[PDB]
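Rule-based calculations on the coordinates, nothing more; no lab input. Positions of Cβ are backbone-derived with ideal geometry, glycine not excepted, and every protein chain shown enters the neighbour counts.
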Amino acid sequence: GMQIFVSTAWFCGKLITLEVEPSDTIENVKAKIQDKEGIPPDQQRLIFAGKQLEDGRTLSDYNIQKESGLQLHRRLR
Amino acid sequence: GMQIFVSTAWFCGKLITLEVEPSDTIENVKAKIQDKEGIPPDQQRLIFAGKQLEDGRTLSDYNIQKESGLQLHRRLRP
């Protein structure tokens, strides 16, 4: 016998494309998928390379240029 | 304006648990998830750490220990 795990992220996850102006704060950022993916900005846990982010913060503190990707995670309050 | 992307991999994804023998083959676990989460083992592209693996070849040749993880990817066509 042997236990084994299988990750479904690269099968179930999506590769979504967003187009907004840089004038966004973390508190206002998550909501944009409630139009597109339809999710309340309550379980959205957003990770960029390395650390997570605090609500309502700029992009400049996280330095996102054109055509970048963001890791999505689900949170609990 | 500017273009940007977001990947919902670890958000919409789900970790699944399977327990089989280490001498088995790839369709088995690919059937096990079909038995577990229900996806045809032909739209399932599995990638254990390193190489893109194929069925028939022995899991022993891939040196998978107990409690190991695989990245399951979708398949367009063979």
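Can you tell me which residue among B:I39, B:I16 is more than 7 Å from every other protein chain (Cβ to nearest Cβ), aliphatic (A, V, I, L, M) and over 30 Å from A:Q65 (Cα atoms)? Give the derivation first.
Values: B:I16 fails: more than 7 Å from every other protein chain (Cβ to nearest Cβ).
None of the others qualify; the one that does is B:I39.
Filter the stretch A:62-77 down to the residues that are of a type in the set (S, T, N, Q) and not in a loop (DSSP other than H, G, I, E, B) and list them by number.
Just the residues of the stretch A:62-77 that are of a type in the set (S, T, N, Q), to begin with: A:63, A:65, A:68, A:71.
Residue satisfying the conditions is A:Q71 alone.
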**OP:** Considering only the stretch A:43-77, state which residues are more than 13 Å from chain B (Cβ to nearest Cβ) and charged (D, E, K, R).
**Re:** A:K51, A:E54, A:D55, A:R57, A:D61, A:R77
**OP:** Can you give me the number of residues within the stretch A:1-35 that are more than 13 Å from the chain's Cα centre (by Cα) and closer than 27 Å to B:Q44 by Cβ?
**Re:** 12
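Looking at the structure I just gave you, is A:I26 within 13 Å of chain B (Cβ to nearest Cβ) and among the β-branched types (V, I, T)?
Values: within 13 Å of chain B (Cβ to nearest Cβ): no; among the β-branched types (V, I, T): yes.
Here the answer is no, as A:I26 does not meet what is asked.
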